[PDB]
$ cat my_file.cif   # mmCIF, N, CA and C atoms; chains and numbers go by the auth columns
data_query
#
loop_
_atom_site.group_PDB
_atom_site.id
_atom_site.type_symbol
_atom_site.label_atom_id
_atom_site.label_comp_id
_atom_site.label_asym_id
_atom_site.label_seq_id
_atom_site.Cartn_x
_atom_site.Cartn_y
_atom_site.Cartn_z
_atom_site.B_iso_or_equiv
_atom_site.auth_seq_id
_atom_site.auth_asym_id
ATOM 1 N N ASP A 1 72.607 84.498 93.618 0.00 1 A
ATOM 2 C CA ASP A 1 73.940 84.186 93.022 0.00 1 A
ATOM 3 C C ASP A 1 73.854 84.220 91.484 0.00 1 A
ATOM 4 N N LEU A 2 74.066 85.396 90.899 0.00 2 A
ATOM 5 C CA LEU A 2 73.812 85.589 89.459 0.00 2 A
ATOM 6 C C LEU A 2 75.037 85.408 88.554 0.00 2 A
ATOM 7 N N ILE A 3 75.333 84.158 88.171 0.00 3 A
ATOM 8 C CA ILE A 3 76.502 83.799 87.307 0.00 3 A
ATOM 9 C C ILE A 3 77.112 84.958 86.473 0.00 3 A
ATOM 10 N N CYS A 4 78.409 85.198 86.670 0.00 4 A
ATOM 11 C CA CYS A 4 79.059 86.352 86.069 0.00 4 A
ATOM 12 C C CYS A 4 79.853 85.901 84.860 0.00 4 A
ATOM 13 N N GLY A 5 79.144 85.653 83.759 0.00 5 A
ATOM 14 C CA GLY A 5 79.757 85.215 82.496 0.00 5 A
ATOM 15 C C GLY A 5 80.645 86.301 81.931 0.00 5 A
ATOM 16 N N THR A 6 81.530 85.949 81.009 0.00 6 A
ATOM 17 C CA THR A 6 82.481 86.940 80.503 0.00 6 A
ATOM 18 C C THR A 6 81.819 88.229 79.957 0.00 6 A
ATOM 19 N N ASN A 7 80.584 88.113 79.468 0.00 7 A
ATOM 20 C CA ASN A 7 79.883 89.238 78.838 0.00 7 A
ATOM 21 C C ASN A 7 78.774 89.867 79.657 0.00 7 A
ATOM 22 N N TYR A 8 78.668 89.492 80.928 0.00 8 A
ATOM 23 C CA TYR A 8 77.634 90.040 81.814 0.00 8 A
ATOM 24 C C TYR A 8 77.602 91.574 81.812 0.00 8 A
ATOM 25 N N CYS A 9 78.776 92.189 82.005 0.00 9 A
ATOM 26 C CA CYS A 9 78.876 93.647 82.072 0.00 9 A
ATOM 27 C C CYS A 9 78.561 94.369 80.741 0.00 9 A
ATOM 28 N N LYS A 10 78.615 93.652 79.622 0.00 10 A
ATOM 29 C CA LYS A 10 78.111 94.193 78.335 0.00 10 A
ATOM 30 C C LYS A 10 76.593 94.365 78.384 0.00 10 A
ATOM 31 N N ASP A 11 75.932 93.426 79.058 0.00 11 A
ATOM 32 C CA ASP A 11 74.490 93.488 79.245 0.00 11 A
ATOM 33 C C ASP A 11 74.102 94.368 80.415 0.00 11 A
ATOM 34 N N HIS A 12 74.994 94.463 81.404 0.00 12 A
ATOM 35 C CA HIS A 12 74.776 95.277 82.607 0.00 12 A
ATOM 36 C C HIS A 12 75.920 96.275 82.859 0.00 12 A
ATOM 37 N N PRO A 13 76.091 97.252 81.938 0.00 13 A
ATOM 38 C CA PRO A 13 77.238 98.161 81.967 0.00 13 A
ATOM 39 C C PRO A 13 77.205 99.067 83.183 0.00 13 A
ATOM 40 N N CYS A 14 78.365 99.589 83.572 0.00 14 A
ATOM 41 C CA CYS A 14 78.401 100.532 84.678 0.00 14 A
ATOM 42 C C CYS A 14 77.784 101.858 84.266 0.00 14 A
ATOM 43 N N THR A 15 76.749 102.266 84.996 0.00 15 A
ATOM 44 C CA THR A 15 75.949 103.449 84.670 0.00 15 A
ATOM 45 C C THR A 15 76.617 104.780 85.031 0.00 15 A
ATOM 46 N N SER A 16 77.269 104.837 86.187 0.00 16 A
ATOM 47 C CA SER A 16 77.923 106.076 86.582 0.00 16 A
ATOM 48 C C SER A 16 79.346 105.837 87.071 0.00 16 A
ATOM 49 N N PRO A 17 80.245 105.398 86.161 0.00 17 A
ATOM 50 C CA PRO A 17 81.556 104.901 86.578 0.00 17 A
ATOM 51 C C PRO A 17 82.445 106.047 87.022 0.00 17 A
ATOM 52 N N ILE A 18 83.252 105.811 88.047 0.00 18 A
ATOM 53 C CA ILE A 18 84.253 106.785 88.437 0.00 18 A
ATOM 54 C C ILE A 18 85.427 106.674 87.464 0.00 18 A
ATOM 55 N N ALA A 19 86.173 107.766 87.322 0.00 19 A
ATOM 56 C CA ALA A 19 87.384 107.796 86.517 0.00 19 A
ATOM 57 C C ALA A 19 88.581 107.331 87.339 0.00 19 A
ATOM 58 N N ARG A 20 89.573 106.790 86.650 0.00 20 A
ATOM 59 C CA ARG A 20 90.836 106.395 87.262 0.00 20 A
ATOM 60 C C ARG A 20 91.506 107.593 87.934 0.00 20 A
ATOM 61 N N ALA A 21 91.431 108.722 87.232 0.00 21 A
ATOM 62 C CA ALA A 21 91.925 110.038 87.638 0.00 21 A
ATOM 63 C C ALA A 21 91.347 110.589 88.945 0.00 21 A
ATOM 64 N N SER A 22 90.289 109.967 89.466 0.00 22 A
ATOM 65 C CA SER A 22 89.583 110.454 90.662 0.00 22 A
ATOM 66 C C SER A 22 89.981 109.794 91.988 0.00 22 A
ATOM 67 N N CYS A 23 90.656 108.643 91.928 0.00 23 A
ATOM 68 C CA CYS A 23 91.132 107.944 93.127 0.00 23 A
ATOM 69 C C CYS A 23 92.316 108.660 93.748 0.00 23 A
ATOM 70 N N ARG A 24 92.285 108.795 95.071 0.00 24 A
ATOM 71 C CA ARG A 24 93.323 109.528 95.805 0.00 24 A
ATOM 72 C C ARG A 24 94.012 108.585 96.761 0.00 24 A
ATOM 73 N N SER A 25 95.301 108.379 96.531 0.00 25 A
ATOM 74 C CA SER A 25 96.116 107.488 97.360 0.00 25 A
ATOM 75 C C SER A 25 95.984 107.892 98.834 0.00 25 A
ATOM 76 N N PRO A 26 95.979 106.904 99.757 0.00 26 A
ATOM 77 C CA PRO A 26 96.348 105.491 99.590 0.00 26 A
ATOM 78 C C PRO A 26 95.340 104.588 98.858 0.00 26 A
ATOM 79 N N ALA A 27 94.122 105.075 98.619 0.00 27 A
ATOM 80 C CA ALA A 27 93.134 104.368 97.786 0.00 27 A
ATOM 81 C C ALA A 27 93.617 104.242 96.345 0.00 27 A
ATOM 82 N N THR A 28 93.306 103.105 95.713 0.00 28 A
ATOM 83 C CA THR A 28 93.819 102.787 94.368 0.00 28 A
ATOM 84 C C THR A 28 92.698 102.338 93.424 0.00 28 A
ATOM 85 N N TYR A 29 92.871 102.649 92.143 0.00 29 A
ATOM 86 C CA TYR A 29 91.873 102.353 91.129 0.00 29 A
ATOM 87 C C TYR A 29 91.862 100.885 90.775 0.00 29 A
ATOM 88 N N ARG A 30 90.657 100.333 90.667 0.00 30 A
ATOM 89 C CA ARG A 30 90.450 99.012 90.099 0.00 30 A
ATOM 90 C C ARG A 30 89.361 99.147 89.057 0.00 30 A
ATOM 91 N N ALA A 31 89.623 98.643 87.856 0.00 31 A
ATOM 92 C CA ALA A 31 88.688 98.763 86.748 0.00 31 A
ATOM 93 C C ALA A 31 87.366 98.031 86.988 0.00 31 A
ATOM 94 N N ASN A 32 87.418 96.923 87.717 0.00 32 A
ATOM 95 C CA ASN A 32 86.233 96.076 87.932 0.00 32 A
ATOM 96 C C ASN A 32 86.142 95.636 89.382 0.00 32 A
ATOM 97 N N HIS A 33 85.324 96.339 90.172 0.00 33 A
ATOM 98 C CA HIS A 33 85.240 96.093 91.622 0.00 33 A
ATOM 99 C C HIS A 33 83.821 96.132 92.159 0.00 33 A
ATOM 100 N N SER A 34 83.062 97.166 91.793 0.00 34 A
ATOM 101 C CA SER A 34 81.773 97.443 92.426 0.00 34 A
ATOM 102 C C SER A 34 80.585 96.936 91.635 0.00 34 A
ATOM 103 N N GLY A 35 79.501 96.669 92.368 0.00 35 A
ATOM 104 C CA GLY A 35 78.227 96.276 91.759 0.00 35 A
ATOM 105 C C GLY A 35 78.129 94.800 91.460 0.00 35 A
ATOM 106 N N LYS A 36 76.922 94.354 91.112 0.00 36 A
ATOM 107 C CA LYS A 36 76.745 92.969 90.664 0.00 36 A
ATOM 108 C C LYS A 36 77.766 92.632 89.572 0.00 36 A
ATOM 109 N N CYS A 37 78.468 91.512 89.766 0.00 37 A
ATOM 110 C CA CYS A 37 79.545 91.038 88.878 0.00 37 A
ATOM 111 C C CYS A 37 80.737 92.000 88.701 0.00 37 A
ATOM 112 N N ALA A 38 80.814 93.013 89.573 0.00 38 A
ATOM 113 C CA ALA A 38 81.976 93.908 89.619 0.00 38 A
ATOM 114 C C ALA A 38 82.158 94.693 88.306 0.00 38 A
ATOM 115 N N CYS A 39 81.043 95.120 87.712 0.00 39 A
ATOM 116 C CA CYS A 39 81.029 95.893 86.460 0.00 39 A
ATOM 117 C C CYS A 39 81.526 97.328 86.604 0.00 39 A
ATOM 118 N N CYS A 40 81.518 97.838 87.835 0.00 40 A
ATOM 119 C CA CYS A 40 81.942 99.218 88.099 0.00 40 A
ATOM 120 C C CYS A 40 83.345 99.351 88.706 0.00 40 A
ATOM 121 N N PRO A 41 84.112 100.339 88.222 0.00 41 A
ATOM 122 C CA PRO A 41 85.414 100.677 88.811 0.00 41 A
ATOM 123 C C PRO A 41 85.255 101.181 90.246 0.00 41 A
ATOM 124 N N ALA A 42 86.309 101.082 91.050 0.00 42 A
ATOM 125 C CA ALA A 42 86.271 101.573 92.431 0.00 42 A
ATOM 126 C C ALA A 42 87.628 102.086 92.877 0.00 42 A
ATOM 127 N N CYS A 43 87.619 103.015 93.826 0.00 43 A
ATOM 128 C CA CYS A 43 88.831 103.382 94.543 0.00 43 A
ATOM 129 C C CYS A 43 88.826 102.527 95.807 0.00 43 A
ATOM 130 N N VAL A 44 89.739 101.560 95.868 0.00 44 A
ATOM 131 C CA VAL A 44 89.709 100.577 96.955 0.00 44 A
ATOM 132 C C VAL A 44 90.771 100.791 98.046 0.00 44 A
ATOM 133 N N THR A 45 90.414 100.372 99.255 0.00 45 A
ATOM 134 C CA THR A 45 91.313 100.331 100.391 0.00 45 A
ATOM 135 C C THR A 45 91.706 98.876 100.669 0.00 45 A
ATOM 136 N N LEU A 46 92.981 98.628 100.967 0.00 46 A
ATOM 137 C CA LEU A 46 93.392 97.257 101.297 0.00 46 A
ATOM 138 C C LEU A 46 93.622 97.038 102.783 0.00 46 A
ATOM 139 N N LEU A 47 93.224 95.848 103.235 0.00 47 A
ATOM 140 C CA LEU A 47 93.284 95.477 104.644 0.00 47 A
ATOM 141 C C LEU A 47 94.307 94.385 104.904 0.00 47 A
ATOM 142 N N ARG A 48 94.887 94.438 106.096 0.00 48 A
ATOM 143 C CA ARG A 48 95.910 93.508 106.522 0.00 48 A
ATOM 144 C C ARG A 48 95.318 92.233 107.125 0.00 48 A
ATOM 145 N N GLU A 49 96.158 91.209 107.251 0.00 49 A
ATOM 146 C CA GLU A 49 95.781 89.970 107.914 0.00 49 A
ATOM 147 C C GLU A 49 95.250 90.210 109.330 0.00 49 A
ATOM 148 N N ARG A 50 94.113 89.578 109.623 0.00 50 A
ATOM 149 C CA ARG A 50 93.415 89.639 110.922 0.00 50 A
ATOM 150 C C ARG A 50 92.448 90.802 111.036 0.00 50 A
ATOM 151 N N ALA A 51 92.686 91.869 110.271 0.00 51 A
ATOM 152 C CA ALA A 51 91.826 93.054 110.312 0.00 51 A
ATOM 153 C C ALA A 51 90.408 92.658 109.914 0.00 51 A
ATOM 154 N N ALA A 52 89.418 93.286 110.541 0.00 52 A
ATOM 155 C CA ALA A 52 88.017 93.047 110.232 0.00 52 A
ATOM 156 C C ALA A 52 87.670 93.500 108.817 0.00 52 A
ATOM 157 N N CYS A 53 86.790 92.748 108.171 0.00 53 A
ATOM 158 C CA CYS A 53 86.378 93.033 106.805 0.00 53 A
ATOM 159 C C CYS A 53 84.911 92.684 106.601 0.00 53 A
ATOM 160 N N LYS A 54 84.270 93.394 105.670 0.00 54 A
ATOM 161 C CA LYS A 54 82.911 93.066 105.245 0.00 54 A
ATOM 162 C C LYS A 54 82.960 92.111 104.067 0.00 54 A
ATOM 163 N N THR A 55 82.025 91.167 104.037 0.00 55 A
ATOM 164 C CA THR A 55 81.995 90.137 102.997 0.00 55 A
ATOM 165 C C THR A 55 81.973 90.740 101.564 0.00 55 A
ATOM 166 N N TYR A 56 82.819 90.200 100.708 0.00 56 A
ATOM 167 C CA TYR A 56 82.873 90.627 99.321 0.00 56 A
ATOM 168 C C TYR A 56 82.429 89.473 98.447 0.00 56 A
ATOM 169 N N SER A 57 81.341 89.696 97.709 0.00 57 A
ATOM 170 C CA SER A 57 80.865 88.737 96.712 0.00 57 A
ATOM 171 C C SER A 57 80.217 89.483 95.548 0.00 57 A
ATOM 172 N N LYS A 58 80.918 89.498 94.414 0.00 58 A
ATOM 173 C CA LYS A 58 80.443 90.153 93.185 0.00 58 A
ATOM 174 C C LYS A 58 79.263 89.396 92.579 0.00 58 A
ATOM 175 N N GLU A 59 79.272 88.072 92.741 0.00 59 A
ATOM 176 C CA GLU A 59 78.168 87.197 92.332 0.00 59 A
ATOM 177 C C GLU A 59 76.882 87.623 92.986 0.00 59 A
ATOM 178 N N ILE A 60 77.026 88.359 94.071 0.00 60 A
ATOM 179 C CA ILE A 60 75.923 88.668 94.955 0.00 60 A
ATOM 180 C C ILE A 60 75.639 90.170 94.978 0.00 60 A
ATOM 181 N N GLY A 61 76.585 90.945 94.439 0.00 61 A
ATOM 182 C CA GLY A 61 76.527 92.402 94.474 0.00 61 A
ATOM 183 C C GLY A 61 76.966 93.059 95.774 0.00 61 A
ATOM 184 N N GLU A 62 77.580 92.302 96.679 0.00 62 A
ATOM 185 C CA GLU A 62 78.120 92.879 97.921 0.00 62 A
ATOM 186 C C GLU A 62 79.573 93.218 97.742 0.00 62 A
ATOM 187 N N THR A 63 79.843 94.490 97.459 0.00 63 A
ATOM 188 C CA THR A 63 81.138 94.911 96.935 0.00 63 A
ATOM 189 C C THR A 63 81.727 96.094 97.704 0.00 63 A
ATOM 190 N N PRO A 64 82.183 95.842 98.949 0.00 64 A
ATOM 191 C CA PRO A 64 82.790 96.914 99.745 0.00 64 A
ATOM 192 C C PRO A 64 84.087 97.393 99.106 0.00 64 A
ATOM 193 N N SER A 65 84.387 98.682 99.253 0.00 65 A
ATOM 194 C CA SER A 65 85.605 99.262 98.695 0.00 65 A
ATOM 195 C C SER A 65 86.835 98.929 99.510 0.00 65 A
ATOM 196 N N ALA A 66 86.625 98.419 100.711 0.00 66 A
ATOM 197 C CA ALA A 66 87.729 98.045 101.578 0.00 66 A
ATOM 198 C C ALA A 66 87.794 96.539 101.557 0.00 66 A
ATOM 199 N N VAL A 67 88.876 96.017 101.006 0.00 67 A
ATOM 200 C CA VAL A 67 88.994 94.579 100.793 0.00 67 A
ATOM 201 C C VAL A 67 90.317 94.044 101.345 0.00 67 A
ATOM 202 N N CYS A 68 90.361 92.763 101.675 0.00 68 A
ATOM 203 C CA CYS A 68 91.604 92.149 102.143 0.00 68 A
ATOM 204 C C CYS A 68 92.687 92.214 101.073 0.00 68 A
ATOM 205 N N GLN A 69 93.922 92.451 101.493 0.00 69 A
ATOM 206 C CA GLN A 69 95.026 92.542 100.545 0.00 69 A
ATOM 207 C C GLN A 69 95.382 91.146 100.031 0.00 69 A
ATOM 208 N N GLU A 70 95.155 90.937 98.729 0.00 70 A
ATOM 209 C CA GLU A 70 95.403 89.657 98.047 0.00 70 A
ATOM 210 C C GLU A 70 96.740 89.049 98.433 0.00 70 A
ATOM 211 N N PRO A 71 96.791 87.713 98.636 0.00 71 A
ATOM 212 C CA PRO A 71 95.754 86.697 98.452 0.00 71 A
ATOM 213 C C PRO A 71 94.906 86.411 99.701 0.00 71 A
ATOM 214 N N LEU A 72 94.915 87.334 100.662 0.00 72 A
ATOM 215 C CA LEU A 72 94.081 87.225 101.869 0.00 72 A
ATOM 216 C C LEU A 72 92.620 87.217 101.487 0.00 72 A
ATOM 217 N N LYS A 73 91.830 86.410 102.203 0.00 73 A
ATOM 218 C CA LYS A 73 90.387 86.380 101.963 0.00 73 A
ATOM 219 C C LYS A 73 89.609 86.756 103.221 0.00 73 A
ATOM 220 N N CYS A 74 88.490 87.441 103.037 0.00 74 A
ATOM 221 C CA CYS A 74 87.604 87.775 104.132 0.00 74 A
ATOM 222 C C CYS A 74 86.757 86.579 104.547 0.00 74 A
ATOM 223 N N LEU A 75 87.229 85.870 105.569 0.00 75 A
ATOM 224 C CA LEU A 75 86.525 84.720 106.104 0.00 75 A
ATOM 225 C C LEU A 75 86.199 84.961 107.557 0.00 75 A
ATOM 226 N N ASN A 76 84.950 84.683 107.921 0.00 76 A
ATOM 227 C CA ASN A 76 84.468 84.870 109.294 0.00 76 A
ATOM 228 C C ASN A 76 84.598 86.331 109.752 0.00 76 A
ATOM 229 N N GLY A 77 84.618 87.240 108.775 0.00 77 A
ATOM 230 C CA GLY A 77 84.659 88.692 109.036 0.00 77 A
ATOM 231 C C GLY A 77 86.052 89.216 109.342 0.00 77 A
ATOM 232 N N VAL A 78 87.065 88.430 108.998 0.00 78 A
ATOM 233 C CA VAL A 78 88.455 88.711 109.301 0.00 78 A
ATOM 234 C C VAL A 78 89.288 88.406 108.035 0.00 78 A
ATOM 235 N N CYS A 79 90.226 89.280 107.680 0.00 79 A
ATOM 236 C CA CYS A 79 91.178 88.964 106.596 0.00 79 A
ATOM 237 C C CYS A 79 92.093 87.790 106.968 0.00 79 A
ATOM 238 N N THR A 80 91.881 86.672 106.286 0.00 80 A
ATOM 239 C CA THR A 80 92.466 85.386 106.652 0.00 80 A
ATOM 240 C C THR A 80 93.462 84.868 105.612 0.00 80 A
ATOM 241 N N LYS A 81 94.622 84.422 106.080 0.00 81 A
ATOM 242 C CA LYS A 81 95.554 83.702 105.224 0.00 81 A
ATOM 243 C C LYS A 81 94.957 82.342 104.858 0.00 81 A
ATOM 244 N N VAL A 82 94.575 82.208 103.598 0.00 82 A
ATOM 245 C CA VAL A 82 94.137 80.935 103.056 0.00 82 A
ATOM 246 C C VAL A 82 95.267 80.406 102.195 0.00 82 A
ATOM 247 N N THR A 83 95.707 79.197 102.495 0.00 83 A
ATOM 248 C CA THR A 83 96.609 78.517 101.599 0.00 83 A
ATOM 249 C C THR A 83 95.883 77.251 101.090 0.00 83 A
ATOM 250 N N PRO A 84 95.666 77.157 99.755 0.00 84 A
ATOM 251 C CA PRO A 84 94.895 76.051 99.170 0.00 84 A
ATOM 252 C C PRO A 84 95.611 74.693 99.267 0.00 84 A
ATOM 253 N N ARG A 85 94.828 73.667 99.619 0.00 85 A
ATOM 254 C CA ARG A 85 95.266 72.270 99.821 0.00 85 A
ATOM 255 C C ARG A 85 95.975 72.035 101.185 0.00 85 A
#
$ encode --input "my_file.cif" --output "structure tokens"
Amino acid sequence: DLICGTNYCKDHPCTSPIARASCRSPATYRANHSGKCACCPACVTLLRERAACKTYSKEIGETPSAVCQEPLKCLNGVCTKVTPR
């Protein structure tokens, strides 16, 4: 679990970043998605509630391009409606 301080990616820059111009819909560009602390851009796919998902943790470097559609979270391997409190 490698703390992702505001300047982490300055020390660990994206080495082979994709361009925004390269993502093809329905996939969409995100400036900070892939790699440890999400230093790399990605063309991402969004998943619906209940759909299966792989764990996403940038703190950990586990950064699948297919992610739950915000504010859904991947819990127990399923895109889950979390409502805080």
$ resolve_selection --input "my_file.cif" --expression "the PyMOL selection byres ((chain A and resi 53) around 6)" --output "PyMOL selection string"
chain A and resi 51-52+54-55+77-79
$ residues_around --input "my_file.cif" --residues "region 20-22 of chain A" --least-positions-apart "5" --cutoff "9 Å" --atoms "only C-alpha atoms" --output "list in words"
residues 28, 29, 30, 31, 41, 42 and 43 of chain A
$ residues_around --input "my_file.cif" --residues "residue 64 (chain A)" --least-positions-apart "4" --cutoff "12 Å" --atoms "only C-alpha atoms" --output "PyMOL selection string"
chain A and resi 33-36+38+40-47+53-58+60+68+74
$ closest_residue --input "my_file.cif" --among "A:67, A:39, A:82, A:75" --to "residue 6 (chain A)" --atoms "only C-alpha atoms"
A:39
$ atom_distance --input "my_file.cif" --atom1 "CA of residue 49 (chain A)" --atom2 "atom C of residue 24 (chain A)"
21.8 Å
$ select_by_dssp --input "my_file.cif" --residues "chain A" --states "strand (DSSP E or B)" --output "PyMOL selection string"
chain A and resi 28-34+40-47+52+57+62+66-68+73-75+78-80
$ closest_residue --input "my_file.cif" --among "A:7, A:23, A:17, A:37" --to "residue 59 (chain A)" --atoms "all atoms listed in the file"
A:37
$ closest_residue --input "my_file.cif" --among "A:48, A:1, A:18, A:9" --to "residue 72 (chain A)" --atoms "all atoms listed in the file"
A:48
$ atom_distance --input "my_file.cif" --atom1 "atom N of residue 71 (chain A)" --atom2 "atom C of residue 50 (chain A)"
13.5 Å
$ atom_distance --input "my_file.cif" --atom1 "atom C of residue 2 (chain A)" --atom2 "atom C of residue 14 (chain A)"
17.2 Å
$ select_by_dssp --input "my_file.cif" --residues "chain A" --states "helix (DSSP H, G or I)" --output "list in words"
residues 8, 9, 10, 11, 20, 21, 22, 36, 37 and 38 of chain A
$ closest_residue --input "my_file.cif" --among "A:25, A:61, A:73, A:19" --to "residue 3 (chain A)" --atoms "only C-alpha atoms"
A:61
